[PDB]
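Visitor: This is the structure I want to talk about, given as structure tokens.
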Amino acid sequence: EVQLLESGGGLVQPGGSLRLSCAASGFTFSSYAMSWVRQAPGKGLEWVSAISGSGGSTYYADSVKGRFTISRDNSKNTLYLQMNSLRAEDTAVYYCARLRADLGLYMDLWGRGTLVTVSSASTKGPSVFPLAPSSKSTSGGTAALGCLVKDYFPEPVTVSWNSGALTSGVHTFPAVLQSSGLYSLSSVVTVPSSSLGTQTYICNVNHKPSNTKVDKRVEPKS
Amino acid sequence: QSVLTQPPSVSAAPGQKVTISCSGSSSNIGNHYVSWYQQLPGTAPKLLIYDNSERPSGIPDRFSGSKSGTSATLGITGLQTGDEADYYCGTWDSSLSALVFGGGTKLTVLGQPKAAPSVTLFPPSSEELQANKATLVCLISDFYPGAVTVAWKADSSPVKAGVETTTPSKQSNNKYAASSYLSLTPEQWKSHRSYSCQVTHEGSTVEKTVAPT
């Protein structure tokens with residue numbers, strides 16, 4: 001019966017710009033102040049900016065001061081956030097939030113958010129690196145090996161072992177989005193220590209989006 | 001940002017009660033009022049508690065908040081799987097001149113029983129080193145509840161630069177798993193005696209350590 005709805009989320013390059021909008025309804029928009037709060041992927045909330053009820057008074061986090069620009073059009077019930085010179089740090093979900101300061105500070109109604117992904121990076125095939133034997137006194141125990149898939153875009157890559165012949169003891173981890181904006185993951189598989197001497201292990205890494213396939217043998221260290 | 005200090009992860013069984021603490025200073029919690037936000041995974045934050053101890057209408061009486069000096073507290077009785085979420089503590093900081101929040105506390109309603117994390121720290125490959133790059137790889141698996149703290153050591157000095165770590169996602173065995181990557185120069189790797197990955201699950205820590213030679 002009352003809500004805020006963010007729009008204009010997009011991908012932009014480093015040094016680029018972008019205008020976020022927030023449509024409001026169910027209340028007198030100009031009767032309350034507003035706020036932009038952002039959530040970097042897998043990090044905590046961070047306040048960005050806020051604007052007065054009159055619509056004339058603007059405050060900013062020291063991180064976004066002089067680069068971002070809060071604004072509102074009370075005739076059309078809309079908040080906006082002009083973001084200039086955007087850098088990698090700015091990548092997050094941006095939620096428009098109604099601000100209420102009766103007694104103390106609290107944001108009493110949020111939108112669904114909208115993603116902004118500053119990217120210097122386009123479509124890149126992965127580099128594939130050979131994981132250590134890790135014969136670090138595991139003795140009779142399970143000794144496991146793997147492959148590093150580094151600096152590929154966009155998702156996803158697929159990993160198989162000995163062309164999919166070996167799948168028992170395999171663990172392939174989700175990728176990380178790096179500060180570069182570039183995806184990296186690893187796939188590890190545990191086969192007996194004694195077997196290493198006379199068993200070949202090769203990870204097959206296929207990146208459909210760059211049509212890169214790499215076969216990479218992995219066997220002890222010196 | 002994590003201006004305010006919250007505990008990364010708290011856990012309880014359905015029907016029980018939990019308290020989440022928020023640590024600050026004079027400039028923030030000291031003189032100004034605190035609020036609590038529930039972010040259900042994927043969805044936006046929602047106002048839970050405002051003005052230290054006030055609930056919006058429709059937020060149940062299970063939820064309550066307290067504050068004294070430079071710390072505040074969120075109480076939840078009658079725990080249910082629905083409450084399983086990330087919890088944020090929010091106030092005003094006058095010395096930063098900015099609205100500030102805690103790093104956020106992940107809640108894990110205990111359905112299945114706990115498991116201790118297995119850590120496997122592969123070092124930079126000879127191959128990678130020759131390419132003028134060096135990635136320490138920390139693989140963490142078979143733990144519950146789905147919330148860990150990952151710390152990195154250059155010898156015995158803490159390292160938070162060049163660190164990227166995954167959000168815990170359950171693999172085919174209904175158990176959480178995550179990964180952390182430390183980016184070094186070949187010089188950094190060779191100019192230290194050892195590097196270590198410390199994974200802190202609940203009250204415990206498992207550390208793995210790697211030597212260049």
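Every number in this text was worked out from the coordinates using simple rules, so none of it is lab data. Note: ideal-geometry Cβ built from the backbone for every residue, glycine included; neighbour counts use all protein chains shown.
Visitor: Mind checking the log10 I(q)/I(0) for chain B at q = 0.08, 0.17 Å⁻¹? Debye, one equal scatterer per Cα, no solvent, two decimals.
Guide: Treating every Cα as an identical point scatterer, log10 I(q)/I(0) equals -0.36, -1.13.
Visitor: Quick one: which residues, 5+ away or cross-chain, put their amide H under 5 Å from the amide H of A:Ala143? H built at 1.01 Å from N.
Guide: Sorted by chain and number, the residues that satisfy this are A:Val191, A:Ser193.
Visitor: Now a separate question. Taking H as built 1.01 Å from N, whose amide H comes closer than 5 Å to the amide H of B:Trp152, not counting residues under 5 places away?
Guide: Distant-sequence amide H within range of B:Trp152: B:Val159, B:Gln198.
Visitor: Could you calculate the FRET efficiency of A:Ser168 with A:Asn84 from 1/(1 + (r/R0)^6), where r is the beta carbon distance between them and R0 is 41 Å, rounded to 0.05? Intermediate results must be reported in sequence, preceding the final value.
Guide: Values: r = 54 Å, r/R0 = 1.31.
E(calc), rounded to 0.05, equals 0.15.
Visitor: Could I ask something else about it? Can you sort A:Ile51, A:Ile202 by how many other beta carbons sit within 10 Å, fewest first?
Guide: If I rank by nearby Cβ atoms, fewest first, I get A:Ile202, A:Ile51.
Visitor: If you average the sequence gap of Cα pairs under 8 Å that are 6 or more apart and divide by the length of chain B, what percent do you get for the contact order?
Guide: Once normalised by length, the contact order is 19 percent.
Visitor: If you plug each phi of segment A:63-68 into the Karplus form 6.51 cos²θ - 1.76 cosθ + 1.60 with θ = phi - 60°, what whole-Hz ³J(HN,Hα) values come out, in order, with x for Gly and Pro?
Guide: Coupling constants for segment A:63-68: 6, 10, 4, x, 10, 9 Hz.
Visitor: If you take every DSSP beta bridge fully contained in segment B:1-148, what fraction is antiparallel? Give it as a percent rounded to 5. Intermediate values should be presented prior to the final figure.
Guide: Working: 34 of 39 bridges.
Bridges in segment B:1-148 that DSSP calls antiparallel: roughly 85 percent.
Visitor: Between A:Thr58 and B:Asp142, what's the calculated FRET efficiency when r is the beta-carbon distance and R0 is 41 Å? Round to 0.05.
Guide: Once the sixth-power term is evaluated, E becomes 0.25.
Visitor: Further question: Would you order B:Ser125, A:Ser120 from fewest to most other beta-carbon atoms within 10 Å of each residue's own beta-carbon?
Guide: Lowest to highest Cβ neighbour count: A:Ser120, B:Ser125.
Visitor: So, one more: Across segment B:160-177, in residue order, what do the Karplus-derived ³J(HN,Hα) couplings come to in whole Hz, using 6.51 cos²θ - 1.76 cosθ + 1.60 with θ = phi - 60° and x for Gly and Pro?
Guide: Once θ is set to phi - 60°, the couplings for segment B:160-177 become 10, 8, x, 10, 10, 9, 6, 7, x, 10, 5, 8, 4, 10, 6, 10, 6, 8 Hz.
Visitor: Still on this structure, I have one more. Roughly speaking, what is the stretch gain from B:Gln80 to B:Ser66, that is 0.36 nm per residue apart minus the C-alpha to C-alpha distance, in nm to one decimal?
Guide: Details: separation 14, 0.36 × 14 = 5.04 nm, distance 2.15 nm.
Residue separation times 0.36 nm, minus the Cα-Cα distance, leaves 2.9 nm.
Visitor: Another question, then. What number, in percent, do you get for the relative contact order of segment A:1-89 if the mean sequence gap of Cα pairs under 8 Å and at least 6 apart is divided by its residue count?
Guide: In percent, rounded to a whole number, it is 32.
Visitor: I want to verify the translational diffusion coefficient of chain A in µm²/s; compute it with Stokes-Einstein, Rh as the Kirkwood radius over Cα pairs, at 10 °C and 1.306 mPa s.
Guide: My calculation gives 76 µm²/s for D.
Visitor: On to the next question. Quick one: what Rg and Dmax do you get for segment A:19-83 from the alpha carbons, in Å?
Guide: 12.1, 37
Visitor: Something else now. Please compute the modelled spin-label separation between B:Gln171 and B:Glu187, points set 7 Å along Cα→Cβ, answer in nm with one decimal.
Guide: 3.7 nm
Visitor: Here's something else I'd like to know. Springs between alpha-carbon pairs under 10 angstrom, Gaussian network model over chain A: which of A:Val205, A:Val118, A:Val170 fluctuates most?
Guide: Top of the fluctuation ranking is A:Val170.
Visitor: Of the cross-linked pairs A:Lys213/B:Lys133; B:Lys46/B:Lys170; A:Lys208/B:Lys133; A:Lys216/B:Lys153; B:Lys17/B:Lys67; B:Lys106/B:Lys175, which ones have a Cα-Cα span greater than 20 Å in the structure shown?
Guide: A:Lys213/B:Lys133; B:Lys46/B:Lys170; A:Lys208/B:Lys133; A:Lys216/B:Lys153
Visitor: A further question follows. Using all Cα-Cα distances in segment A:70-141, what percent lands in each 10 angstrom bin from 0 up to the longest?
Guide: So the P(r) values, bin by bin, are 12, 25, 22, 13, 13, 11, 4, 0.
Visitor: In addition: Under 5 Å between amide H atoms, partner at least 5 residues away or on a different chain: which partners does A:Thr78 have, H built in plane at 1.01 Å?
Guide: Residues meeting the amide H criterion: A:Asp73.
Visitor: Still on this structure: In whole Hz, what ³J(HN,Hα) sequence does segment B:187-192 give by Karplus (6.51, -1.76, 1.60; θ = phi - 60°), x for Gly and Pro?
Guide: Result, rounded to whole Hz: 4, 3, 4, 6, 8, 10.
Visitor: Compute the Cα gyration tensor for segment B:81-121, then decide on rounded, prolate or oblate, letting a ≥ b ≥ c be the square roots of its eigenvalues: rounded whenever a/c is under 1.5, prolate when a/b is larger than b/c in the other cases, and oblate in all that remain.
Guide: Note, shape of segment B:81-121 comes out oblate.
Visitor: OK, next. Mind computing the radius of gyration and Dmax over the alpha-carbon atoms of segment A:105-207? Å is fine for both.
Guide: Every Cα atom of segment A:105-207 included, Rg and Dmax give 18.9, 67 Å.
Visitor: Based on Cα positions only, what radius of gyration and what Dmax would you give for the protein assembly as shown, in angstroms?
Guide: Calculated on Cα positions, Rg and Dmax stand at 24.0, 77 Å.
Visitor: So, one more: Add -39500 (n - 2.57) for each DSSP H run of 4 or more in chain B, then divide by its residues: what number comes out at 222 nm, to the nearest 500 deg cm²/dmol?
Guide: Value at 222 nm, helices only, nearest 500: -1000 deg cm²/dmol.
Visitor: Could you name the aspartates and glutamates in cross-link range of A:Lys150, using Cα to Cα under 14 Å and dropping any fewer than eight places away on the same chain?
Guide: Partners within reach: B:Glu127, B:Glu128, B:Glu164.
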